[PDB]
Amino acid sequence: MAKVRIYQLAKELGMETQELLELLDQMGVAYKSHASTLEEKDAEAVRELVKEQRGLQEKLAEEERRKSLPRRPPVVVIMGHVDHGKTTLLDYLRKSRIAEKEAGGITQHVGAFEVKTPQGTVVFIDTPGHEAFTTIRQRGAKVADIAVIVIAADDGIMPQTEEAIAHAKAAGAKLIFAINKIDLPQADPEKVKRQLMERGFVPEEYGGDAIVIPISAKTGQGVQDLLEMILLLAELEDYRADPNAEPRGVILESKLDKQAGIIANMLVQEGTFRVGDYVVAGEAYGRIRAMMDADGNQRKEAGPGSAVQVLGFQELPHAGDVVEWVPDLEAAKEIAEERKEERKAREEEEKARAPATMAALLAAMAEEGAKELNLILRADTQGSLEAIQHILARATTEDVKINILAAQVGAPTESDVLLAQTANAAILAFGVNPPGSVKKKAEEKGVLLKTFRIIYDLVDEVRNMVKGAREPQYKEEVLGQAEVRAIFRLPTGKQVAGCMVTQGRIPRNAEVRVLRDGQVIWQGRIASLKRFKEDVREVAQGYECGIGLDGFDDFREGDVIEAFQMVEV
């Protein structure tokens, strides 16, 4: 070295005499032979230009090794609010996956289910489901790369399905639309097409770009045409994911087993989880001690789009929080601690001006509320509790203001029966029933526990709780009762009888009843008005006067009177 012949430049590079001449003949470099000298500027202008061209020869190698992209997933979720004939879609695809026999093959509820065709795999999401808008958006995680949209022939595009489409969209997708119930009498797939077309979702028979398929979620019809098609659209939009790359999936839900201990159900989205790996989910970490699947088996491995029960985490990480791989316990702690530093700092931000802002109060429980009833909430479903909050913040009509304390997703527990004690509150659940112990604690402690099918059930039982005593009673049940005291058979009067009130008022503007020690005497209205002092036109607070009682005859001191109207008087 220090100096060079072009023949040595070639044995060093690992390039032909003529290749290196070809390189110099594109550069516009003057030369005599491969024994010629180069200039310091001209050998260095070869060295530097090689950095752009190598960086591109690896970009056109990462964008190609990333093209020959494996078997996938490529998940999908279906959308709207509760009692929507939306489980009914899921019901039908959860059975059309195994057309065959019982079973054998135990069909377990892993947050999802494989639907196994001739070229690969598509996994359909099996969970609530409604999403109920559990989170409106994560904003978000992208748990599934296809989304199968059901429009129901009985109901059509209820608003939750246009929000649902907007989760498929903003989650970076071309979209599949399923038309269920084509077998039912009142079924009009062309209304659905014109519903899709006034929204921009133009079908392929109208020269658009949004695929349509008539199917029956109870036959078995069009679910074939729907499967091949989902393989086509997977091809066309070219959504596949890697299986070697730093791992990624989603929690579907989390709970207990006597035998197993701490449990949670995980979709692996990307890469592979195995027994003995260390993991992180949310602020929660732990070691995979065991794995259990849909088919009830103990799993030595879980590959992409595997749903499983996982033994390993220290705390119970939340429904739809992402699970992620980490190099070491140091990363598992420090990642958990910055998200904890962020969410605690910001949750301290959030304290001010927050007793105000909203300004009811810190949900209203120190205003005289003039008929107060309270709540804490216990949903299954993050999407019910959003929907509940969206309904109820507007339903505050009759005087009482809804106070909604800190809430979660999943089943009842013994925390709710110590918060509802200290806050004097009601515990509202839907989808989810209370567990074993937890109803037996609640029902022997006097908290007004409730379960409902429809969120409209719950809210129209929240009405109840707007029973503000005096006015929503609406019974006309006696406006007063008054004991007789005397009567003036005075020859300057008529027939006025002292009466002492025992309800609201006795008025000159009012109807009259008379109730004996065993008999109804008589019924009518006030005609006269006389005191031992003067002929006054009203009596107010508890004072005495003589009133007149139509045609009567069982005079002087017979017994108590009972006058009624409306709250007017």
# chains A, B, ... in the order shown; residues from 1 in each chain; ligands from 1
call {"tool": "residues_around", "arguments": {"residues": "residue 221 of chain A", "least_positions_apart": "2", "cutoff": "12 Å", "atoms": "only C-alpha atoms", "output": "CSV table (one decimal) with N, CA and C atoms, in the first residue's frame"}}
result
chain,number,residue,atom,x,y,z
A,92,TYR,N,-71.9,-18.6,13.7
A,92,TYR,CA,-71.8,-19.2,12.4
A,92,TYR,C,-70.3,-19.5,11.9
A,93,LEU,N,-69.4,-18.6,11.9
A,93,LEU,CA,-67.9,-18.9,11.5
A,93,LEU,C,-67.2,-19.8,12.5
A,96,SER,N,-68.6,-23.2,11.1
A,96,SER,CA,-68.3,-23.5,9.7
A,96,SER,C,-66.8,-23.9,9.5
A,99,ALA,N,-67.2,-28.2,9.9
A,99,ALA,CA,-68.4,-28.8,9.3
A,99,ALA,C,-68.8,-30.3,9.6
A,178,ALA,N,-69.4,-9.0,4.5
A,178,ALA,CA,-70.4,-9.9,4.8
A,178,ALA,C,-71.8,-9.5,4.9
A,179,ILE,N,-72.8,-10.1,4.1
A,179,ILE,CA,-74.2,-9.8,4.1
A,179,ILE,C,-74.9,-11.1,4.6
A,180,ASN,N,-75.2,-11.2,5.9
A,180,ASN,CA,-75.9,-12.3,6.6
A,180,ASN,C,-77.4,-12.3,6.3
A,181,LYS,N,-78.0,-13.5,6.7
A,181,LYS,CA,-79.4,-13.7,6.6
A,181,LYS,C,-80.2,-13.7,5.3
A,182,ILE,N,-79.4,-14.1,4.2
A,182,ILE,CA,-79.9,-14.1,2.8
A,182,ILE,C,-81.1,-15.1,2.6
A,183,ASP,N,-81.2,-16.1,3.4
A,183,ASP,CA,-82.3,-17.1,3.6
A,183,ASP,C,-83.6,-16.6,4.2
A,213,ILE,N,-70.2,-10.2,-0.8
A,213,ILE,CA,-70.4,-11.6,-0.7
A,213,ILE,C,-71.7,-11.8,0.1
A,214,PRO,N,-72.8,-12.3,-0.5
A,214,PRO,CA,-74.0,-12.9,0.1
A,214,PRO,C,-73.8,-14.2,0.8
A,215,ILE,N,-74.0,-14.3,2.1
A,215,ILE,CA,-73.7,-15.5,2.9
A,215,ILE,C,-74.9,-15.9,3.9
A,216,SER,N,-75.0,-17.1,4.4
A,216,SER,CA,-76.0,-17.4,5.5
A,216,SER,C,-75.2,-17.9,6.6
A,217,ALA,N,-75.2,-17.2,7.7
A,217,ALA,CA,-74.6,-17.6,9.0
A,217,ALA,C,-75.4,-18.7,9.8
A,218,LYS,N,-76.1,-19.6,9.2
A,218,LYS,CA,-76.8,-20.7,9.7
A,218,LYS,C,-76.9,-22.0,8.8
A,219,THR,N,-77.0,-21.7,7.5
A,219,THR,CA,-76.7,-22.7,6.5
A,219,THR,C,-75.3,-23.2,6.6
A,223,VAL,N,-70.2,-19.1,2.8
A,223,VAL,CA,-68.9,-19.2,3.6
A,223,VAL,C,-67.7,-19.8,2.9
A,224,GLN,N,-67.9,-20.7,2.0
A,224,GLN,CA,-66.9,-21.0,0.9
A,224,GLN,C,-66.4,-20.0,0.0
A,225,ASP,N,-67.3,-19.1,-0.5
A,225,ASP,CA,-67.1,-18.2,-1.5
A,225,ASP,C,-66.2,-17.0,-0.8
A,226,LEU,N,-66.7,-16.7,0.4
A,226,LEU,CA,-66.1,-15.9,1.4
A,226,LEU,C,-64.7,-16.2,1.9
A,227,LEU,N,-64.4,-17.5,2.2
A,227,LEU,CA,-63.0,-18.0,2.3
A,227,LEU,C,-62.1,-17.9,1.1
call {"tool": "residues_around", "arguments": {"residues": "segment 498-514 of chain A", "least_positions_apart": "2", "cutoff": "10 Å", "atoms": "only C-alpha atoms", "output": "VMD selection string"}}
result
chain A and resid 478 to 488 496 516 519 to 532 536 to 550 556 to 557 559 to 569
call {"tool": "select_by_dssp", "arguments": {"residues": "segment 393-481 of chain A", "states": "helix (DSSP H, G or I)", "output": "JSON, numbers by chain"}}
result
{"A": [393, 394, 395, 416, 417, 418, 419, 420, 421, 422, 436, 437, 438, 439, 440, 441, 442, 443, 444, 445, 455, 456, 457, 458, 459, 460, 461, 462, 464, 465, 466]}
call {"tool": "write_last_selection", "arguments": {"atoms": "N, CA and C atoms", "output": "mmCIF file, in the first residue's frame"}}
result
data_model
loop_
_atom_site.group_PDB
_atom_site.id
_atom_site.type_symbol
_atom_site.label_atom_id
_atom_site.label_comp_id
_atom_site.auth_asym_id
_atom_site.auth_seq_id
_atom_site.Cartn_x
_atom_site.Cartn_y
_atom_site.Cartn_z
ATOM 1 N N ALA A 393 -73.762 10.522 31.076
ATOM 2 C CA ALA A 393 -73.439 11.904 31.111
ATOM 3 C C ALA A 393 -74.464 12.932 30.445
ATOM 4 N N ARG A 394 -75.309 12.439 29.575
ATOM 5 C CA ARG A 394 -76.461 13.065 28.938
ATOM 6 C C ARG A 394 -77.868 12.815 29.483
ATOM 7 N N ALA A 395 -77.988 11.688 30.220
ATOM 8 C CA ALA A 395 -79.213 11.286 30.863
ATOM 9 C C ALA A 395 -79.651 11.926 32.225
ATOM 10 N N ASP A 416 -65.179 -4.598 44.898
ATOM 11 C CA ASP A 416 -66.422 -3.907 44.608
ATOM 12 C C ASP A 416 -67.354 -3.864 45.860
ATOM 13 N N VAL A 417 -67.265 -4.884 46.641
ATOM 14 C CA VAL A 417 -68.011 -4.980 47.867
ATOM 15 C C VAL A 417 -67.348 -4.254 49.086
ATOM 16 N N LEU A 418 -66.188 -3.607 48.867
ATOM 17 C CA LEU A 418 -65.497 -2.668 49.846
ATOM 18 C C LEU A 418 -65.494 -1.242 49.233
ATOM 19 N N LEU A 419 -65.625 -1.029 47.926
ATOM 20 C CA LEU A 419 -65.710 0.353 47.374
ATOM 21 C C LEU A 419 -67.166 0.851 47.510
ATOM 22 N N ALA A 420 -68.161 -0.078 47.225
ATOM 23 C CA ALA A 420 -69.640 0.207 47.264
ATOM 24 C C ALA A 420 -70.107 0.402 48.689
ATOM 25 N N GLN A 421 -69.509 -0.189 49.686
ATOM 26 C CA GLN A 421 -69.623 0.126 51.114
ATOM 27 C C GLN A 421 -69.151 1.610 51.373
ATOM 28 N N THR A 422 -67.877 2.018 51.165
ATOM 29 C CA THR A 422 -67.233 3.269 51.496
ATOM 30 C C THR A 422 -67.782 4.434 50.651
ATOM 31 N N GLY A 436 -68.609 -16.642 42.311
ATOM 32 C CA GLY A 436 -69.227 -17.524 43.364
ATOM 33 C C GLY A 436 -69.475 -16.757 44.701
ATOM 34 N N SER A 437 -68.343 -16.683 45.476
ATOM 35 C CA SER A 437 -68.266 -15.788 46.568
ATOM 36 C C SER A 437 -68.834 -14.371 46.469
ATOM 37 N N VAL A 438 -68.615 -13.733 45.347
ATOM 38 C CA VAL A 438 -68.882 -12.289 45.188
ATOM 39 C C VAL A 438 -70.382 -11.873 45.186
ATOM 40 N N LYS A 439 -71.224 -12.721 44.601
ATOM 41 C CA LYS A 439 -72.655 -12.540 44.774
ATOM 42 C C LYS A 439 -73.033 -12.880 46.208
ATOM 43 N N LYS A 440 -72.597 -13.987 46.838
ATOM 44 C CA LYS A 440 -72.893 -14.314 48.234
ATOM 45 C C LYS A 440 -72.437 -13.247 49.290
ATOM 46 N N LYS A 441 -71.315 -12.489 49.175
ATOM 47 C CA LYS A 441 -70.967 -11.255 49.829
ATOM 48 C C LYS A 441 -71.908 -10.129 49.528
ATOM 49 N N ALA A 442 -72.058 -9.629 48.252
ATOM 50 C CA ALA A 442 -73.046 -8.656 47.879
ATOM 51 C C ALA A 442 -74.510 -8.746 48.299
ATOM 52 N N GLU A 443 -75.139 -9.915 48.197
ATOM 53 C CA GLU A 443 -76.511 -10.189 48.391
ATOM 54 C C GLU A 443 -76.750 -10.270 49.957
ATOM 55 N N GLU A 444 -75.809 -10.607 50.851
ATOM 56 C CA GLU A 444 -75.905 -10.556 52.298
ATOM 57 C C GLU A 444 -75.316 -9.277 52.927
ATOM 58 N N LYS A 445 -74.749 -8.337 52.226
ATOM 59 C CA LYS A 445 -74.402 -6.978 52.551
ATOM 60 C C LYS A 445 -75.284 -5.789 52.043
ATOM 61 N N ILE A 455 -77.526 -2.788 27.241
ATOM 62 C CA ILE A 455 -77.064 -1.566 27.963
ATOM 63 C C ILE A 455 -78.258 -0.601 28.150
ATOM 64 N N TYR A 456 -79.252 -0.590 27.242
ATOM 65 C CA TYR A 456 -80.583 -0.017 27.373
ATOM 66 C C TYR A 456 -81.439 -0.630 28.560
ATOM 67 N N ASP A 457 -81.100 -1.910 28.930
ATOM 68 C CA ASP A 457 -81.710 -2.425 30.107
ATOM 69 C C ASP A 457 -81.282 -1.691 31.376
ATOM 70 N N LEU A 458 -79.952 -1.670 31.579
ATOM 71 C CA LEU A 458 -79.199 -0.975 32.596
ATOM 72 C C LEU A 458 -79.555 0.517 32.757
ATOM 73 N N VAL A 459 -79.294 1.299 31.721
ATOM 74 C CA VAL A 459 -79.812 2.671 31.714
ATOM 75 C C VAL A 459 -81.319 2.880 32.004
ATOM 76 N N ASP A 460 -82.250 2.049 31.572
ATOM 77 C CA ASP A 460 -83.710 2.235 31.838
ATOM 78 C C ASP A 460 -84.097 1.583 33.230
ATOM 79 N N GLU A 461 -83.129 1.022 34.005
ATOM 80 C CA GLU A 461 -83.019 0.699 35.447
ATOM 81 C C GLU A 461 -82.229 1.628 36.381
ATOM 82 N N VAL A 462 -81.411 2.477 35.803
ATOM 83 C CA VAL A 462 -80.886 3.787 36.233
ATOM 84 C C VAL A 462 -81.942 4.882 36.400
ATOM 85 N N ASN A 464 -85.305 4.347 37.692
ATOM 86 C CA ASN A 464 -85.320 3.914 39.102
ATOM 87 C C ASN A 464 -84.567 4.668 40.165
ATOM 88 N N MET A 465 -83.238 4.707 39.894
ATOM 89 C CA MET A 465 -82.394 5.509 40.727
ATOM 90 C C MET A 465 -82.539 7.094 40.692
ATOM 91 N N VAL A 466 -83.388 7.560 39.793
ATOM 92 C CA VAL A 466 -83.824 8.992 39.630
ATOM 93 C C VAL A 466 -85.198 9.282 40.406
#
call {"tool": "residues_around", "arguments": {"residues": "segment 369-373 of chain A", "least_positions_apart": "6", "cutoff": "7 Å", "atoms": "only C-alpha atoms", "output": "ChimeraX atom specification"}}
result
/A:399-401,465-469
call {"tool": "atom_distance", "arguments": {"atom1": "atom CA of residue 396 of chain A", "atom2": "atom CA of residue 433 of chain A"}}
result
26.5 Å
call {"tool": "residues_around", "arguments": {"residues": "residue 24 of chain A", "least_positions_apart": "3", "cutoff": "12 Å", "atoms": "only C-alpha atoms", "output": "ChimeraX atom specification"}}
result
/A:6,9-10,17-21,27-34,36,38,42-43,45-46
call {"tool": "select_by_dssp", "arguments": {"residues": "segment 89-327 of chain A", "states": "strand (DSSP E)", "output": "tab-separated table (two decimals) with N, CA, C and O atoms, in the first residue's frame"}}
result
chain	number	residue	atom	x	y	z
A	112	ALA	N	-60.11	-16.20	20.03
A	112	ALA	CA	-60.10	-16.47	18.65
A	112	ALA	C	-60.34	-17.87	18.07
A	112	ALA	O	-60.32	-18.83	18.86
A	113	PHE	N	-60.39	-17.97	16.73
A	113	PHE	CA	-60.34	-19.31	16.15
A	113	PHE	C	-59.81	-19.30	14.68
A	113	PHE	O	-60.25	-18.63	13.73
A	114	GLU	N	-58.74	-20.14	14.44
A	114	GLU	CA	-58.30	-20.64	13.14
A	114	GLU	C	-59.41	-21.12	12.29
A	114	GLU	O	-60.06	-22.03	12.73
A	115	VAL	N	-59.46	-20.67	11.04
A	115	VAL	CA	-60.26	-21.23	9.97
A	115	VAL	C	-59.46	-21.77	8.81
A	115	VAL	O	-58.83	-20.92	8.17
A	116	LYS	N	-59.17	-23.06	8.66
A	116	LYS	CA	-58.07	-23.68	7.96
A	116	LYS	C	-58.65	-24.15	6.65
A	116	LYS	O	-59.85	-24.54	6.66
A	121	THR	N	-54.27	-20.24	6.35
A	121	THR	CA	-54.89	-19.93	7.62
A	121	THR	C	-55.51	-18.58	7.69
A	121	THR	O	-54.77	-17.67	7.15
A	122	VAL	N	-56.72	-18.36	8.12
A	122	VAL	CA	-57.31	-17.04	8.61
A	122	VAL	C	-57.92	-17.22	9.94
A	122	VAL	O	-59.08	-17.75	10.08
A	123	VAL	N	-57.49	-16.29	10.84
A	123	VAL	CA	-58.01	-16.44	12.24
A	123	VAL	C	-59.08	-15.35	12.46
A	123	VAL	O	-58.90	-14.14	12.19
A	124	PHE	N	-60.31	-15.65	12.85
A	124	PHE	CA	-61.45	-14.83	13.13
A	124	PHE	C	-61.43	-14.74	14.70
A	124	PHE	O	-61.62	-15.68	15.43
A	125	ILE	N	-61.50	-13.47	15.10
A	125	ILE	CA	-61.64	-13.02	16.45
A	125	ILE	C	-62.98	-13.47	17.13
A	125	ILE	O	-64.06	-13.19	16.61
A	148	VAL	N	-63.55	-8.66	8.50
A	148	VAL	CA	-64.88	-9.11	8.02
A	148	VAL	C	-66.01	-8.35	8.62
A	148	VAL	O	-66.34	-8.75	9.78
A	149	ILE	N	-66.68	-7.45	7.87
A	149	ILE	CA	-67.81	-6.66	8.25
A	149	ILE	C	-69.21	-7.38	8.02
A	149	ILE	O	-69.54	-7.63	6.90
A	150	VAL	N	-70.00	-7.63	9.09
A	150	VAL	CA	-71.38	-8.07	8.93
A	150	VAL	C	-72.34	-6.91	8.89
A	150	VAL	O	-72.37	-6.03	9.75
A	151	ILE	N	-73.20	-6.92	7.87
A	151	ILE	CA	-74.40	-6.12	7.85
A	151	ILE	C	-75.54	-7.12	7.93
A	151	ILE	O	-75.56	-8.16	7.26
A	152	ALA	N	-76.49	-6.89	8.86
A	152	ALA	CA	-77.55	-7.82	9.16
A	152	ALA	C	-78.78	-7.46	8.36
A	152	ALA	O	-79.21	-6.31	8.36
A	176	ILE	N	-63.43	-6.37	3.85
A	176	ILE	CA	-64.36	-7.40	3.49
A	176	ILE	C	-65.78	-7.19	4.04
A	176	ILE	O	-65.94	-7.07	5.23
A	177	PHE	N	-66.88	-7.20	3.27
A	177	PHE	CA	-68.24	-7.01	3.78
A	177	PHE	C	-69.07	-8.31	3.43
A	177	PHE	O	-69.67	-8.50	2.33
A	178	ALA	N	-69.39	-8.95	4.52
A	178	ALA	CA	-70.40	-9.95	4.77
A	178	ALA	C	-71.83	-9.52	4.95
A	178	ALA	O	-72.23	-8.71	5.82
A	179	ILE	N	-72.76	-10.08	4.13
A	179	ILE	CA	-74.24	-9.85	4.13
A	179	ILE	C	-74.92	-11.08	4.63
A	179	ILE	O	-74.87	-12.09	3.91
A	180	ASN	N	-75.22	-11.23	5.91
A	180	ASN	CA	-75.86	-12.31	6.57
A	180	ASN	C	-77.36	-12.31	6.31
A	180	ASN	O	-77.94	-11.21	6.13
A	212	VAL	N	-67.90	-7.51	-1.98
A	212	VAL	CA	-69.17	-8.03	-1.44
A	212	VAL	C	-69.47	-9.52	-1.72
A	212	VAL	O	-69.68	-9.86	-2.91
A	213	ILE	N	-70.17	-10.22	-0.81
A	213	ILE	CA	-70.44	-11.62	-0.68
A	213	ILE	C	-71.72	-11.84	0.10
A	213	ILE	O	-71.90	-11.55	1.32
A	214	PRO	N	-72.79	-12.31	-0.52
A	214	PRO	CA	-73.99	-12.86	0.13
A	214	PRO	C	-73.83	-14.21	0.82
A	214	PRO	O	-73.45	-15.18	0.19
A	248	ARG	N	-44.31	-10.09	18.60
A	248	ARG	CA	-45.46	-9.23	18.96
A	248	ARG	C	-46.83	-9.89	18.95
A	248	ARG	O	-47.24	-10.76	18.19
A	249	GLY	N	-47.56	-9.82	20.11
A	249	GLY	CA	-49.00	-10.10	20.04
A	249	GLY	C	-49.97	-9.27	20.85
A	249	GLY	O	-49.65	-8.15	21.12
A	250	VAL	N	-51.05	-9.77	21.43
A	250	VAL	CA	-52.13	-9.08	22.22
A	250	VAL	C	-52.76	-9.91	23.35
A	250	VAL	O	-53.25	-10.98	23.00
A	251	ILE	N	-53.02	-9.47	24.57
A	251	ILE	CA	-53.90	-10.15	25.57
A	251	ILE	C	-55.43	-10.03	25.25
A	251	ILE	O	-56.04	-9.06	24.97
A	252	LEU	N	-55.99	-11.23	25.37
A	252	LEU	CA	-57.36	-11.41	25.08
A	252	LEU	C	-58.21	-11.37	26.35
A	252	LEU	O	-59.15	-10.50	26.40
A	253	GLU	N	-57.69	-11.89	27.50
A	253	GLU	CA	-58.31	-11.73	28.85
A	253	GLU	C	-57.39	-12.55	29.81
A	253	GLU	O	-56.38	-13.08	29.53
A	254	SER	N	-57.61	-12.35	31.12
A	254	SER	CA	-56.66	-12.89	32.15
A	254	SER	C	-57.40	-13.30	33.49
A	254	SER	O	-58.53	-12.93	33.72
A	255	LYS	N	-57.07	-14.46	34.08
A	255	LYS	CA	-57.70	-15.06	35.27
A	255	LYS	C	-56.95	-16.31	35.87
A	255	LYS	O	-55.74	-16.39	35.70
A	256	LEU	N	-57.66	-17.02	36.77
A	256	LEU	CA	-57.14	-18.16	37.62
A	256	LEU	C	-57.70	-19.55	37.32
A	256	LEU	O	-58.89	-19.81	36.94
A	257	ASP	N	-56.84	-20.53	37.63
A	257	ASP	CA	-56.88	-21.97	37.79
A	257	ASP	C	-56.19	-22.44	39.04
A	257	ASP	O	-55.03	-22.16	39.16
A	261	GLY	N	-52.39	-21.63	38.64
A	261	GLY	CA	-52.24	-20.37	39.28
A	261	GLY	C	-52.69	-19.20	38.34
A	261	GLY	O	-53.68	-19.46	37.64
A	262	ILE	N	-51.80	-18.16	38.13
A	262	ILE	CA	-52.04	-16.89	37.42
A	262	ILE	C	-51.99	-17.20	35.92
A	262	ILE	O	-51.05	-17.82	35.37
A	263	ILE	N	-53.01	-16.74	35.28
A	263	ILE	CA	-53.34	-17.02	33.90
A	263	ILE	C	-53.68	-15.81	33.07
A	263	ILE	O	-54.56	-15.05	33.51
A	264	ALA	N	-53.34	-15.73	31.85
A	264	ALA	CA	-53.88	-14.87	30.81
A	264	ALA	C	-53.81	-15.31	29.32
A	264	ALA	O	-52.85	-16.00	28.86
A	265	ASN	N	-54.80	-15.10	28.53
A	265	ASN	CA	-54.95	-15.62	27.16
A	265	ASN	C	-54.33	-14.55	26.22
A	265	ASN	O	-54.55	-13.34	26.47
A	266	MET	N	-53.40	-14.99	25.40
A	266	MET	CA	-52.46	-14.25	24.48
A	266	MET	C	-52.63	-14.77	23.06
A	266	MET	O	-52.70	-15.96	22.78
A	267	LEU	N	-52.79	-13.80	22.21
A	267	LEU	CA	-52.66	-14.00	20.71
A	267	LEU	C	-51.21	-13.70	20.48
A	267	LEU	O	-50.68	-12.60	20.62
A	268	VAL	N	-50.46	-14.64	19.82
A	268	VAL	CA	-49.07	-14.32	19.30
A	268	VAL	C	-49.36	-13.85	17.92
A	268	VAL	O	-50.19	-14.33	17.15
A	269	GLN	N	-48.81	-12.68	17.53
A	269	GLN	CA	-49.15	-12.00	16.27
A	269	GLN	C	-48.03	-12.24	15.27
A	269	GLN	O	-48.18	-11.80	14.16
A	270	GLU	N	-46.81	-12.32	15.76
A	270	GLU	CA	-45.46	-12.23	15.18
A	270	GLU	C	-44.40	-12.98	16.10
A	270	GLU	O	-44.39	-12.59	17.30
A	273	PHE	N	-43.29	-17.54	20.94
A	273	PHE	CA	-43.22	-17.74	22.40
A	273	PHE	C	-42.99	-19.25	22.72
A	273	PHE	O	-43.84	-20.02	22.20
A	274	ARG	N	-42.18	-19.60	23.67
A	274	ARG	CA	-41.86	-20.88	24.23
A	274	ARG	C	-41.75	-20.98	25.70
A	274	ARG	O	-41.45	-19.95	26.33
A	278	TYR	N	-38.86	-15.37	29.22
A	278	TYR	CA	-39.26	-14.30	30.10
A	278	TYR	C	-40.05	-13.32	29.16
A	278	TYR	O	-39.77	-13.14	27.96
A	279	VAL	N	-41.12	-12.71	29.64
A	279	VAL	CA	-42.02	-11.76	28.97
A	279	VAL	C	-42.45	-10.64	29.86
A	279	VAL	O	-42.41	-10.75	31.08
A	280	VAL	N	-42.86	-9.60	29.23
A	280	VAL	CA	-43.48	-8.34	29.60
A	280	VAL	C	-44.85	-8.12	28.99
A	280	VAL	O	-45.01	-8.35	27.75
A	281	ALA	N	-45.85	-7.65	29.81
A	281	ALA	CA	-47.16	-7.25	29.18
A	281	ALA	C	-47.58	-6.04	30.10
A	281	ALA	O	-48.25	-6.39	31.14
A	284	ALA	N	-46.67	-5.44	33.69
A	284	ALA	CA	-46.59	-6.81	34.24
A	284	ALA	C	-45.45	-7.61	33.62
A	284	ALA	O	-45.48	-7.66	32.35
A	285	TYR	N	-44.63	-8.44	34.30
A	285	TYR	CA	-43.59	-9.28	33.60
A	285	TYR	C	-43.71	-10.70	34.29
A	285	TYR	O	-43.74	-10.53	35.53
A	286	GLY	N	-42.88	-11.61	33.82
A	286	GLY	CA	-42.91	-12.96	34.31
A	286	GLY	C	-42.28	-14.01	33.40
A	286	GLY	O	-41.94	-13.75	32.24
A	287	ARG	N	-42.20	-15.28	33.85
A	287	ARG	CA	-41.54	-16.32	33.07
A	287	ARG	C	-42.65	-17.31	32.61
A	287	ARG	O	-43.18	-17.93	33.59
A	291	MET	N	-47.94	-23.23	29.27
A	291	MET	CA	-48.82	-22.69	28.21
A	291	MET	C	-49.88	-23.79	28.02
A	291	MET	O	-49.49	-25.01	27.87
A	292	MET	N	-51.12	-23.36	27.78
A	292	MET	CA	-52.37	-24.17	27.58
A	292	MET	C	-53.11	-23.54	26.37
A	292	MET	O	-53.40	-22.35	26.46
A	301	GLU	N	-44.56	-25.05	22.51
A	301	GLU	CA	-44.50	-23.90	21.63
A	301	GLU	C	-45.88	-23.27	21.24
A	301	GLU	O	-46.82	-24.03	20.87
A	302	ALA	N	-45.90	-21.99	21.03
A	302	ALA	CA	-47.05	-21.25	20.49
A	302	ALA	C	-46.58	-20.45	19.24
A	302	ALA	O	-45.87	-19.42	19.51
A	307	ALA	N	-53.50	-18.63	20.12
A	307	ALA	CA	-54.05	-18.16	21.37
A	307	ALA	C	-53.68	-19.22	22.46
A	307	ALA	O	-54.16	-20.36	22.45
A	308	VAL	N	-53.17	-18.74	23.59
A	308	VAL	CA	-52.88	-19.51	24.79
A	308	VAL	C	-53.07	-18.96	26.13
A	308	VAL	O	-53.00	-17.73	26.26
A	309	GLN	N	-53.35	-19.71	27.19
A	309	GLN	CA	-53.11	-19.44	28.64
A	309	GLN	C	-51.63	-19.40	29.01
A	309	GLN	O	-51.04	-20.40	28.62
A	310	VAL	N	-51.10	-18.34	29.62
A	310	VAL	CA	-49.67	-18.13	30.01
A	310	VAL	C	-49.60	-17.97	31.54
A	310	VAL	O	-50.41	-17.21	32.12
A	322	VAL	N	-51.06	-4.61	24.99
A	322	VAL	CA	-50.03	-5.34	24.20
A	322	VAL	C	-49.02	-6.11	25.09
A	322	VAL	O	-48.39	-5.50	26.01
A	323	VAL	N	-48.66	-7.34	24.63
A	323	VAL	CA	-47.55	-8.16	25.16
A	323	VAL	C	-46.39	-8.10	24.20
A	323	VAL	O	-46.58	-8.36	22.99
A	324	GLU	N	-45.17	-8.03	24.71
A	324	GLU	CA	-44.01	-7.74	23.94
A	324	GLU	C	-42.82	-8.49	24.56
A	324	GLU	O	-42.63	-8.41	25.76
call {"tool": "residues_around", "arguments": {"residues": "residue 430 of chain A", "least_positions_apart": "2", "cutoff": "10 Å", "atoms": "only C-alpha atoms", "output": "VMD selection string"}}
result
chain A and resid 82 377 to 381 384 to 385 410 to 411 428 432 to 434 450 to 455 457 to 458
call {"tool": "residues_around", "arguments": {"residues": "segment 351-368 of chain A", "least_positions_apart": "5", "cutoff": "9 Å", "atoms": "only C-alpha atoms", "output": "NGL selection string"}}
result
:A and (346 or 374 or 400-405)
call {"tool": "residues_around", "arguments": {"residues": "residue 164 of chain A", "least_positions_apart": "3", "cutoff": "8 Å", "atoms": "only C-alpha atoms", "output": "ChimeraX atom specification"}}
result
/A:78-80,160-161,167-168
call {"tool": "write_last_selection", "arguments": {"atoms": "N, CA and C atoms", "output": "short mmCIF file (atom, residue, chain, number, x, y, z; two decimals), in the first residue's frame"}}
result
data_model
loop_
_atom_site.label_atom_id
_atom_site.label_comp_id
_atom_site.auth_asym_id
_atom_site.auth_seq_id
_atom_site.Cartn_x
_atom_site.Cartn_y
_atom_site.Cartn_z
N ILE A 78 -64.97 -8.22 14.29
CA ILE A 78 -66.31 -7.82 13.86
C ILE A 78 -66.99 -6.95 15.00
N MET A 79 -67.78 -5.95 14.68
CA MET A 79 -68.22 -4.72 15.37
C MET A 79 -69.66 -4.27 15.43
N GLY A 80 -70.04 -3.50 16.46
CA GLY A 80 -71.36 -2.91 16.80
C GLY A 80 -71.65 -3.03 18.35
N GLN A 160 -72.84 1.67 15.30
CA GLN A 160 -71.72 0.89 15.79
C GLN A 160 -70.88 0.15 14.71
N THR A 161 -71.58 -0.30 13.62
CA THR A 161 -70.99 -0.81 12.33
C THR A 161 -70.36 0.33 11.45
N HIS A 167 -62.69 1.69 12.52
CA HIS A 167 -61.57 0.97 13.22
C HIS A 167 -60.82 0.11 12.15
N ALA A 168 -61.46 -0.71 11.30
CA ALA A 168 -60.83 -1.31 10.12
C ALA A 168 -60.04 -0.35 9.31
#
